[PDB]
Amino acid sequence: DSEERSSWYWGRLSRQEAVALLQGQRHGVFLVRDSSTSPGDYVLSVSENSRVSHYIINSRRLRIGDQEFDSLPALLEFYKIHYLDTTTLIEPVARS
């Protein structure tokens, strides 16, 4: 009913732009961007291991590795609770 402030979703953001935003952020700081190469898919970018990880989300059916979810919020919630490689999702990257 009411529009929300922009948060974790950045639409069609390049990998380079995602890195610019996330490099140096505390581990678990993240965003989601549209796939640059595969219409319909997404990428979860997250500060991790002192660098930036980019997890491919393949598409009510969203798959990351061997884990499937029925929505992006569900996927993000799952990885707030469960580790990816070395981090969980903590919070969306802040906007200037």
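A residue's number is simply how far along the shown sequence it sits, counting from 1.
The entry models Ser59 and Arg60 with a gap of 1 to 3 deposited residues left without coordinates.
According to the PDB record, 34 to 42 carries the higher mean C-alpha B-factor of the two stretches 34 to 42 and 47 to 55. According to the PDB record, 11 to 19 carries the higher mean C-alpha B-factor of the two stretches 11 to 19 and 73 to 81.
When all modelled residues of the chain are sorted by CA temperature factor, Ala94 is found within the highest third.
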